[PDB]
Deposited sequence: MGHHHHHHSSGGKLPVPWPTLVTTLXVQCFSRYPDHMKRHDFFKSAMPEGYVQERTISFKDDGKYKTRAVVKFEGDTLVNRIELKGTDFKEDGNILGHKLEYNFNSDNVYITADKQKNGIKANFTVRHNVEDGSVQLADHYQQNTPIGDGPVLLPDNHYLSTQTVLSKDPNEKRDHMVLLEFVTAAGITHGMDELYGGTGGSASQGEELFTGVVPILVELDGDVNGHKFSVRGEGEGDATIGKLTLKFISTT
């Protein structure tokens, strides 16, 4: 059925291993280096003057497919706020995702603030705190400070009667090698599964598509499977 939250608020939660790291930066690609065993990605997303998502994801290869399986828990939302009230525009502005190394966890942390456009012309901030920790015991690449530059387009499939989101995304690393890296030289099929609960409103999302890390490109279609 219809999602209890706006599709744009789920974009960041629904595979940064598909970021394009330019050659001079390839030694800073933590995401690919953790593959195939993958990493756990955790976030707290604080919607200012509203509630928060807390997410925990396992991102890894199953066979030939890059899988992202997420549990999302949302609390302290306003039933009439921009999120539960569906007052957000259907688009997604560019972000710079600022990444830092977390040596103690042998992983990374990331911070950025998403600006969601509200339909009355105001803005809804979604402040992201992120931490990624490798699942495997093998050597990973711990990066110098840098960031990921994103561009995203949201659309619809005219032949789809289910609540859904067609997403196109490009991400390049900027602001400044592993076996895992070689798993991404071609086009890679992706599966995304999210189980969500926001203020007790339960929902599920499944996404299918593919990633081309050579150009930093994501093409996915997401469907509410509630």
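In this chain the deposited sequence has gaps in the coordinates at 1 to 11, 26, 189 to 202, listed in sequence order.
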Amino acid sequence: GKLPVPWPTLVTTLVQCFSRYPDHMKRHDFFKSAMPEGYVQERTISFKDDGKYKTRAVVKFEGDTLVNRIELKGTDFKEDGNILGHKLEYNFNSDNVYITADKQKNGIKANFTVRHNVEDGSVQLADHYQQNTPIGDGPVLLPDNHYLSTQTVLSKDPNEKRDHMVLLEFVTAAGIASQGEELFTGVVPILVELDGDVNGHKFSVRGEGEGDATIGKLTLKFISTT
From here on, numbers count along this sequence of modelled residues.
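Legend: mean Cα B-factor per stretch from the PDB entry, 38 to 46 versus 155 to 163; the higher mean is in 155 to 163. Comparing the deposited coordinates for 128 to 136 and 103 to 111, the stretch with the larger average C-alpha B-factor is 103 to 111. Out of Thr55, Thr172, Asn68, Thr65, it is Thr65 whose C-alpha atom has the highest B-factor in the PDB entry.
Sorting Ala177, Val59, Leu191, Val198 by the CA temperature factor given in the entry leaves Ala177 at the top. Ranked within its chain, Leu14 lands in the lowest third, by CA B factor from the PDB record. Among the modelled residues of its chain, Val97 has a C-alpha B-factor that falls in the lowest third according to the deposited record.
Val118: CA B factor lies in the highest third for its chain, per the PDB record. Looking at the C-alpha B-factors along this chain, the one for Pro6 belongs to the middle third. The entry lists a Cα temperature factor for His146 that places it in the middle third of the chain's modelled residues.
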